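The block underneath contains the structure these notes are about, expressed in C-alpha cells.
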Amino acid sequence: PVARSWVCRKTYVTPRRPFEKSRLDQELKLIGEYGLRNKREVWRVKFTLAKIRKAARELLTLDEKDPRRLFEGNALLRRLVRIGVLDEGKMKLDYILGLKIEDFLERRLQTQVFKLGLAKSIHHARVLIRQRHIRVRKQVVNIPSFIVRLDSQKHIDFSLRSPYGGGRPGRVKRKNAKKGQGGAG
Amino acid sequence: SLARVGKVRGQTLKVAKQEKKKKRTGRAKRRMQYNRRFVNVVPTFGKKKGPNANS
Amino acid sequence: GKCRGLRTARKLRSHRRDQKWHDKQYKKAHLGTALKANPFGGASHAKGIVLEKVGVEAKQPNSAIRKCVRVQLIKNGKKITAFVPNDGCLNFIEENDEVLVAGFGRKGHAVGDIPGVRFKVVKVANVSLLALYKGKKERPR
Amino acid sequence: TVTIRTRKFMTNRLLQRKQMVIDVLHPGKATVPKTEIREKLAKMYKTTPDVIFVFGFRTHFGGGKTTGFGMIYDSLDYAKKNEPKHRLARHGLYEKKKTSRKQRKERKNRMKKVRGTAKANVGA
RNA sequence: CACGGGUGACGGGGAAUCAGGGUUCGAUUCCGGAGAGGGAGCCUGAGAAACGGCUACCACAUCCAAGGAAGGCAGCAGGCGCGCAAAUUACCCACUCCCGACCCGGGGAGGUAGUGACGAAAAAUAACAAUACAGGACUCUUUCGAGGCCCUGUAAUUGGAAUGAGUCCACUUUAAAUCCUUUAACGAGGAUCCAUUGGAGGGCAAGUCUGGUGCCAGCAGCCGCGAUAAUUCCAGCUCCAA
C-alpha cells in the first residue's frame with residue numbers, strides 16, 4: 001500500500017476504420033490548415049468534441065425545467081464562453097451541437113499567435129512557442145496546447161527574457177559579435 | 001529438398017543504398033506532405049493519378 | 001425465445017446453459033480438454049529444443065517445399081512442427097538449439113500452403129530470426 | 001529589484017512564532033539564496049535574522065516567481081524548543097550524529113546477542 | 001437439482017467493452033476471510049490454536065571435536081530452479097502513522113533514490129528572407145506576352161536570426177542527496193546533434209518503375225501471387241499508415 005493516485009485517462013480515441021479516404025482527407029486538410037504535429041493532435045480534440053457533444057445530447061434528452069439539466073447546461077456554456085469558442089449571444093445548450101472541429105482548432109495558442117500576427121506562419125508561431133519568446137500574463141508558455149481564454153486573449157505578447165523583445169541577444173548574434181571583435185582586434 | 005535454402009538471396013546481386021538528403025520529420029513532414037498534395041496541383045478533368053503513378 | 005411465460009426464468013436459464021455448450025468457442029474456452037491438448041498450455045510463447053528439420057510439401061495449386069522444424073518443448077516435452085518464416089533462415093538453426101515458438105494468428109490452425117503446421121519460430125537462442133534475416137546481430141559461436 | 005511579499009500571515013502564540021508564505025519576484029535573474037532571504041526578511045520585520053527560518057522554495061516556470069514558506073521565532077531557545085534539528089543543522093547551530101543506520105542496526109543486533117554488562121565492550 | 005465431483009473459484013466495492021440488453025476479468029494497494037512447507041496441541045496475555053512463540057510426527061535443511069545444538073523470507077532486498085513472463089543484497093524515520101515507562105527512542109509499515117517502452121499525459125529532429133521557376137482572384141490582347149495593388153509551393157543556390165539534447169559555475173529541492181525550474185560561460189547548415197516500425201492486387205492508403213530468380217527460393221491473417229515480361233519474391237528508387 002503506497003500513497004499515490006492511479007488515476008489516468010486516454011485523451012484520444014482511435015477511429016474504428018483505420019484507412020478511410022474521406023477521414024484521412026479531412027484530417028490532412030485540418031493539419032494543413034491549422035498547423036498540427038500528427039494525427040493524435042487531431043484525435044484528442046475530436047474526442048473532447050465527442051465528450052462535449054455527448055454531454056449536450058444527454059442534456060437535450062432531459063426534460064425542460066430540470067435542475068441537473070439547467071446546472072450542467074449553464075456550467076458547460078460557461079466553460080465554452082470562457083474558452084472562447086462559443087459567442088456570448090449564442091450561449092444556449094441547443095447550439096452546442098452545431099459546433100465544429102475547425103472552431104475548436106481556431107482557439108489554439110499557435111493559431112492565436114498566427115491570427116494576432118506577431119509571427120509569420122503557423123509553423124513559425126509553433127517555432128516561437130518552442131523557442132520560448134512569448135509570455136501570457138507574465139508566464140512563459142512553452143507548450144502550444146494552451147487553451148487561450150477570451151479574457152486572456154489580449155494578454156499575449158513577447159516575453160521578458162527574450163532576444164526578440166527586451167532581453168539579451170542569442171547565440172548567433174553573440175557569435176557574430178565575437179567573430180567581428182576578433183577580426184577587428 | 002532442404003539443400004536450396006537461401007537460393008535467391010545467395011544468387012541476387014547486392015545493390016548498395018544510394019545517398020540522399022535526410023527527410024524532414026513530424027510537423028514539417030506533414031506540412032510538406034500537404035504542400036505536395038493540395039496547393040501545388042490544380043483540379044483537372046478525368047481520374048486523378050496516384051502519388052507513385054509513373055509512365 | 002420460445003417459451004414466453006411469466007415465471008419461466010429457470011427454464012430459459014437452464015435451456016441457454018445447456019445450449020451454450022454447442023457453440024465451438026464456448027466449449028473451447030470452458031473445457032479443459034483443449035487447454036490440456038494445447039502444447040503451449042494457454043500461453044503465447046514457448047522455448048524448445050530443435051531435434052530435426054523437415055521439408056514439408058505444400059498444398060493445392062500453390063506448391064513449394066516449406067522448411068519446418070520439429071521442436072520438443074521443455075514444460076511438456078511435446079513435439080511441434082514450427083515454421084521458419086523468412087528466406088534463408090533455416091541455416092541459422094542447427095541441431096539441439098533452444099528456439100522460441102509462437103502461434104501464427106488463426107488460433108491453432110494450419111495456414112495457407114503449409115498443411116498440418118500451426119506454429120512458427122520467433123527467436124533462436126535469444127537472438128531473433130528477424131535480426132538474423134536483417135543482418136543486425138550475429139549468431140554466437 | 002528582488003521583491004518579497006508575504007501572504008497567509010498567521011500569529012501562532014502556541015507555537016511562539018509568526019508564519020507566512022513568501023513570494024519572491026526576481027525579474028531576470030536566478031534563484032536568490034536563503035541567506036539573502038533571511039537578510040531581506042530581517043530588514044523588513046526589523047528583527048534579528050537568527051530566528052528567521054525559511055525553507056521549501058518552488059520556482060514557477062518562466063523564471064520570475066518563486067514561492068516558499070517561512071516562520072519567524074521570538075528567541076533561539078524557543079527555536080531549539082520547537083524547530084526540527086535537521087533544519088537547525090541546515091544553518092549550522094546543531095550537528096547530528098555520523099553513525100550510519102546499517103552499522104547502528106548491526107551494533108544493536110550484536111548487543112542483543114551478548115547478555116550482561118559487556119554490551120559496551122561489544123559495541124565498538 | 002439435494003447429495004457427489006471439478007474450477008486455471010477467496011468474496012465484494014470495482015476494470016474493460018459497450019445503443020438498450022448483456023459478455024469477460026477481479027490474486028493485486030479499500031473492507032472482510034485463511035496462513036506462514038503439511039496437520040495437531042498449549043503457556044503467556046484482555047485479545048493467538050500466534051509461528052521474527054513454543055511442543056511431538058512427515059518432508060527439506062545448518063555447525064559439529066561425533067557427545068550434542070539449532071531452523072522456518074506466500075516480509076524487505078538478494079540467490080537457485082521453474083519458466084514466454086517480472087527491479088537494488090541502496091538511503092532515512094524528515095513527510096503519513098504506529099508502539100513504549102512515551103515531547104526525546106524505534107519501525108525493510110511508510111517515505112526517498114537505482115532498473116524499467118506494462119501503461120497514461122505533454123512533447124524535439126526546424127523556421128524566415130532573397131534569386132530561378134510552376135500556377136491562382138484582375139486590366140489589355142482571338143491566342144502568344146506584359147504589370148503586380150492580393151498571392152502559394154519546389155530547389156546540397158545563398159544568407160543570418162532563434163532555441164534545445166548534452167557538458168557545466170551557482171541557487172533551489174532533500175534527513176543528506178537525486179529529478180524539475182532559473183541562471184553564468186559553451187554548444188546546429190549534409191543544422192552527421194541523421195527516426196524508425198509494417199505495407200504498396202482487393203479488403204485497406206500507396207509504381208503494371210529497373211535487375212535477378214523461374215511452381216525453385218520465397219509472399220500472403222482470407223481470396224490468392226510465383227513455371228524466363230512477378231503492379232504480391234529478393235534488392236535500388238518512390239509512395240502510403242503511425
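Labels for the C-alpha cells follow display order: chains A, B, ..., residues from 1 in each chain, ligands from 1.
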
Identify, with DSSP run on backbone atoms, the residues in chain D assigned to strand (DSSP E), and express the list as number ranges by chain.
-> D: 3-12, 17-25, 52-59, 66-73

Write out as a list in words all residues of segment 61-109 of chain A that backbone DSSP assigns to helix (DSSP H, G or I).
-> residues 67, 68, 69, 70, 71, 72, 73, 74, 75, 76, 77, 78, 79, 80, 81, 82, 83, 101, 102, 103, 104, 105 and 109 of chain A

Please produce a file of the residues just selected, as a PDB file, in the first residue's frame, where the atoms kept are C-alpha atoms.
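After the write, again-v6.pdb holds the following:
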```pdb
ATOM      1  CA  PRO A  67     -32.274  21.222 -12.020  1.00  0.00           C
ATOM      2  CA  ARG A  68     -29.476  18.851 -13.093  1.00  0.00           C
ATOM      3  CA  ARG A  69     -30.091  19.776 -16.745  1.00  0.00           C
ATOM      4  CA  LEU A  70     -30.001  23.531 -16.068  1.00  0.00           C
ATOM      5  CA  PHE A  71     -26.942  23.219 -13.801  1.00  0.00           C
ATOM      6  CA  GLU A  72     -24.888  21.105 -16.220  1.00  0.00           C
ATOM      7  CA  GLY A  73     -26.039  23.190 -19.188  1.00  0.00           C
ATOM      8  CA  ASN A  74     -25.105  26.506 -17.579  1.00  0.00           C
ATOM      9  CA  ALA A  75     -21.765  25.031 -16.470  1.00  0.00           C
ATOM     10  CA  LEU A  76     -20.963  23.746 -19.973  1.00  0.00           C
ATOM     11  CA  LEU A  77     -21.999  27.050 -21.572  1.00  0.00           C
ATOM     12  CA  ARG A  78     -19.828  28.906 -19.040  1.00  0.00           C
ATOM     13  CA  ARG A  79     -16.907  26.642 -19.988  1.00  0.00           C
ATOM     14  CA  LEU A  80     -17.481  27.291 -23.709  1.00  0.00           C
ATOM     15  CA  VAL A  81     -17.685  31.060 -23.121  1.00  0.00           C
ATOM     16  CA  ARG A  82     -14.525  31.123 -21.002  1.00  0.00           C
ATOM     17  CA  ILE A  83     -12.565  29.082 -23.554  1.00  0.00           C
ATOM     18  CA  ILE A 101     -13.534  20.889 -35.245  1.00  0.00           C
ATOM     19  CA  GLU A 102     -12.279  23.999 -37.054  1.00  0.00           C
ATOM     20  CA  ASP A 103     -13.929  26.215 -34.429  1.00  0.00           C
ATOM     21  CA  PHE A 104     -12.202  24.140 -31.747  1.00  0.00           C
ATOM     22  CA  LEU A 105      -8.824  24.429 -33.521  1.00  0.00           C
ATOM     23  CA  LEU A 109      -2.401  29.348 -28.986  1.00  0.00           C
TER      24      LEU A 109
END
```

Which chain B residues are at most 8 Å from chain E (counting only C-alpha atoms (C1' of nucleotides)), as a PyMOL selection string?
-> chain B and resi 4-9+11-18+21-22+24-25+28+35-36+39-40+50-54

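Nearest to residue 14 of chain D of all the residues D:75, D:36, D:46, D:82 is D:82, counting only C-alpha atoms.
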
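Across the model, the gap from atom CA of residue 25 of chain A to atom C1' of residue 223 of chain E is 28.9 Å.
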
Mind running chain C against chain E at 12 Å and telling me each contacting residue's nearest atom pair with the distance in Å (one decimal), counting only C-alpha atoms (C1' of nucleotides), chain and number ascending, as JSON lines?
```
{"residue": "C:10", "atom": "CA", "partner": "E:1", "partner_atom": "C1'", "distance": 11.5}
{"residue": "C:14", "atom": "CA", "partner": "E:1", "partner_atom": "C1'", "distance": 11.0}
{"residue": "C:26", "atom": "CA", "partner": "E:23", "partner_atom": "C1'", "distance": 11.7}
{"residue": "C:29", "atom": "CA", "partner": "E:8", "partner_atom": "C1'", "distance": 11.2}
{"residue": "C:30", "atom": "CA", "partner": "E:7", "partner_atom": "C1'", "distance": 10.0}
{"residue": "C:31", "atom": "CA", "partner": "E:7", "partner_atom": "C1'", "distance": 10.4}
{"residue": "C:32", "atom": "CA", "partner": "E:8", "partner_atom": "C1'", "distance": 9.1}
{"residue": "C:35", "atom": "CA", "partner": "E:8", "partner_atom": "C1'", "distance": 9.5}
{"residue": "C:36", "atom": "CA", "partner": "E:8", "partner_atom": "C1'", "distance": 10.9}
{"residue": "C:40", "atom": "CA", "partner": "E:84", "partner_atom": "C1'", "distance": 9.6}
{"residue": "C:41", "atom": "CA", "partner": "E:8", "partner_atom": "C1'", "distance": 9.9}
{"residue": "C:42", "atom": "CA", "partner": "E:8", "partner_atom": "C1'", "distance": 9.2}
{"residue": "C:43", "atom": "CA", "partner": "E:84", "partner_atom": "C1'", "distance": 7.3}
{"residue": "C:44", "atom": "CA", "partner": "E:84", "partner_atom": "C1'", "distance": 6.4}
{"residue": "C:45", "atom": "CA", "partner": "E:84", "partner_atom": "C1'", "distance": 4.5}
{"residue": "C:46", "atom": "CA", "partner": "E:84", "partner_atom": "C1'", "distance": 5.7}
{"residue": "C:47", "atom": "CA", "partner": "E:84", "partner_atom": "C1'", "distance": 7.7}
{"residue": "C:48", "atom": "CA", "partner": "E:84", "partner_atom": "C1'", "distance": 11.3}
{"residue": "C:57", "atom": "CA", "partner": "E:215", "partner_atom": "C1'", "distance": 11.8}
{"residue": "C:58", "atom": "CA", "partner": "E:215", "partner_atom": "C1'", "distance": 10.4}
{"residue": "C:59", "atom": "CA", "partner": "E:215", "partner_atom": "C1'", "distance": 11.4}
{"residue": "C:60", "atom": "CA", "partner": "E:215", "partner_atom": "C1'", "distance": 10.8}
{"residue": "C:61", "atom": "CA", "partner": "E:215", "partner_atom": "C1'", "distance": 8.4}
{"residue": "C:62", "atom": "CA", "partner": "E:215", "partner_atom": "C1'", "distance": 6.7}
{"residue": "C:63", "atom": "CA", "partner": "E:215", "partner_atom": "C1'", "distance": 5.5}
{"residue": "C:64", "atom": "CA", "partner": "E:215", "partner_atom": "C1'", "distance": 6.8}
{"residue": "C:65", "atom": "CA", "partner": "E:216", "partner_atom": "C1'", "distance": 9.1}
{"residue": "C:66", "atom": "CA", "partner": "E:218", "partner_atom": "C1'", "distance": 9.3}
{"residue": "C:67", "atom": "CA", "partner": "E:218", "partner_atom": "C1'", "distance": 10.9}
{"residue": "C:73", "atom": "CA", "partner": "E:83", "partner_atom": "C1'", "distance": 12.0}
{"residue": "C:74", "atom": "CA", "partner": "E:83", "partner_atom": "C1'", "distance": 9.3}
{"residue": "C:75", "atom": "CA", "partner": "E:83", "partner_atom": "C1'", "distance": 8.3}
{"residue": "C:84", "atom": "CA", "partner": "E:218", "partner_atom": "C1'", "distance": 11.5}
{"residue": "C:85", "atom": "CA", "partner": "E:218", "partner_atom": "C1'", "distance": 9.5}
{"residue": "C:86", "atom": "CA", "partner": "E:218", "partner_atom": "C1'", "distance": 7.9}
{"residue": "C:87", "atom": "CA", "partner": "E:218", "partner_atom": "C1'", "distance": 6.1}
{"residue": "C:88", "atom": "CA", "partner": "E:217", "partner_atom": "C1'", "distance": 8.4}
{"residue": "C:89", "atom": "CA", "partner": "E:218", "partner_atom": "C1'", "distance": 11.3}
{"residue": "C:99", "atom": "CA", "partner": "E:84", "partner_atom": "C1'", "distance": 11.6}
{"residue": "C:100", "atom": "CA", "partner": "E:84", "partner_atom": "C1'", "distance": 8.4}
{"residue": "C:101", "atom": "CA", "partner": "E:84", "partner_atom": "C1'", "distance": 9.2}
{"residue": "C:102", "atom": "CA", "partner": "E:84", "partner_atom": "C1'", "distance": 9.0}
{"residue": "C:103", "atom": "CA", "partner": "E:221", "partner_atom": "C1'", "distance": 11.5}
{"residue": "C:104", "atom": "CA", "partner": "E:221", "partner_atom": "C1'", "distance": 8.1}
{"residue": "C:105", "atom": "CA", "partner": "E:221", "partner_atom": "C1'", "distance": 6.2}
{"residue": "C:106", "atom": "CA", "partner": "E:221", "partner_atom": "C1'", "distance": 6.7}
{"residue": "C:107", "atom": "CA", "partner": "E:221", "partner_atom": "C1'", "distance": 10.3}
{"residue": "C:109", "atom": "CA", "partner": "E:221", "partner_atom": "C1'", "distance": 11.1}
{"residue": "C:110", "atom": "CA", "partner": "E:221", "partner_atom": "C1'", "distance": 11.3}
{"residue": "C:111", "atom": "CA", "partner": "E:221", "partner_atom": "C1'", "distance": 8.4}
{"residue": "C:112", "atom": "CA", "partner": "E:220", "partner_atom": "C1'", "distance": 8.0}
{"residue": "C:113", "atom": "CA", "partner": "E:220", "partner_atom": "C1'", "distance": 9.6}
{"residue": "C:114", "atom": "CA", "partner": "E:220", "partner_atom": "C1'", "distance": 11.9}
{"residue": "C:122", "atom": "CA", "partner": "E:84", "partner_atom": "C1'", "distance": 11.1}
{"residue": "C:123", "atom": "CA", "partner": "E:84", "partner_atom": "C1'", "distance": 11.0}
{"residue": "C:126", "atom": "CA", "partner": "E:84", "partner_atom": "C1'", "distance": 12.0}
```

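From atom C1' of residue 98 of chain E back to atom CA of residue 1 of chain A, the distance works out to 15.4 Å.
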
Please tabulate, as a Markdown table, the residues of chain A that come within 7 Å of chain E, each with its closest pair of atoms and the distance in Å to one decimal, counting only C-alpha atoms (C1' of nucleotides) and ordering rows by chain, then residue number upward.
```
| residue | atom | partner | partner_atom | distance |
| --- | --- | --- | --- | --- |
| A:1 | CA | E:29 | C1' | 3.9 |
| A:2 | CA | E:29 | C1' | 6.2 |
| A:8 | CA | E:120 | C1' | 5.5 |
| A:9 | CA | E:120 | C1' | 6.5 |
| A:10 | CA | E:120 | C1' | 6.7 |
| A:19 | CA | E:204 | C1' | 5.8 |
| A:124 | CA | E:127 | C1' | 5.5 |
| A:127 | CA | E:127 | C1' | 6.6 |
| A:131 | CA | E:163 | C1' | 4.6 |
| A:170 | CA | E:162 | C1' | 6.8 |
| A:172 | CA | E:161 | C1' | 6.9 |
```

Take the selection from the previous step and output its residues with N, CA and C atoms, as a PDB file, in the first residue's frame.
```
ATOM      1  N   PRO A   1       0.816  -1.217   0.000  1.00  0.00           N
ATOM      2  CA  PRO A   1       0.000   0.000   0.000  1.00  0.00           C
ATOM      3  C   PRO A   1       0.848   1.265   0.000  1.00  0.00           C
ATOM      4  N   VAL A   2       0.900   1.956  -1.135  1.00  0.00           N
ATOM      5  CA  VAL A   2       1.643   3.201  -1.255  1.00  0.00           C
ATOM      6  C   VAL A   2       0.660   4.338  -1.505  1.00  0.00           C
ATOM      7  N   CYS A   8      -5.789   7.794 -14.380  1.00  0.00           N
ATOM      8  CA  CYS A   8      -5.369   8.266 -15.690  1.00  0.00           C
ATOM      9  C   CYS A   8      -6.522   8.073 -16.662  1.00  0.00           C
ATOM     10  N   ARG A   9      -6.434   8.762 -17.798  1.00  0.00           N
ATOM     11  CA  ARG A   9      -7.496   8.715 -18.794  1.00  0.00           C
ATOM     12  C   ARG A   9      -6.899   9.015 -20.158  1.00  0.00           C
ATOM     13  N   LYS A  10      -7.250   8.201 -21.150  1.00  0.00           N
ATOM     14  CA  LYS A  10      -6.794   8.446 -22.510  1.00  0.00           C
ATOM     15  C   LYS A  10      -7.537   9.635 -23.103  1.00  0.00           C
ATOM     16  N   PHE A  19      -8.397   3.222 -42.393  1.00  0.00           N
ATOM     17  CA  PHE A  19      -7.926   3.780 -43.658  1.00  0.00           C
ATOM     18  C   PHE A  19      -9.089   4.304 -44.495  1.00  0.00           C
ATOM     19  N   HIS A 124       5.870  28.770 -37.964  1.00  0.00           N
ATOM     20  CA  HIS A 124       6.806  29.713 -37.352  1.00  0.00           C
ATOM     21  C   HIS A 124       6.317  30.178 -35.985  1.00  0.00           C
ATOM     22  N   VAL A 127       7.311  27.449 -33.813  1.00  0.00           N
ATOM     23  CA  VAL A 127       8.741  27.621 -33.550  1.00  0.00           C
ATOM     24  C   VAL A 127       8.965  28.637 -32.433  1.00  0.00           C
ATOM     25  N   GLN A 131      10.722  27.959 -28.890  1.00  0.00           N
ATOM     26  CA  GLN A 131      11.909  28.719 -28.531  1.00  0.00           C
ATOM     27  C   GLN A 131      11.665  29.714 -27.404  1.00  0.00           C
ATOM     28  N   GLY A 170      20.784  36.384 -28.714  1.00  0.00           N
ATOM     29  CA  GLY A 170      21.007  34.956 -28.656  1.00  0.00           C
ATOM     30  C   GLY A 170      22.390  34.528 -29.112  1.00  0.00           C
ATOM     31  N   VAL A 172      23.599  33.146 -31.968  1.00  0.00           N
ATOM     32  CA  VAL A 172      24.124  33.513 -33.281  1.00  0.00           C
ATOM     33  C   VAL A 172      24.590  34.965 -33.286  1.00  0.00           C
TER      34      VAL A 172
END
```

Work out how far apart atom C1' of residue 179 of chain E and atom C1' of residue 115 of chain E are and give it in Å to one decimal.
->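 Result for atom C1' of residue 179 of chain E versus atom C1' of residue 115 of chain E: 16.0 Å, one decimal.
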
For residue 20 of chain D, which of D:58, D:7, D:105, D:40 is the closest residue, counting only C-alpha atoms?
->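 Of the candidates, the smallest distance to residue 20 of chain D is held by D:7.
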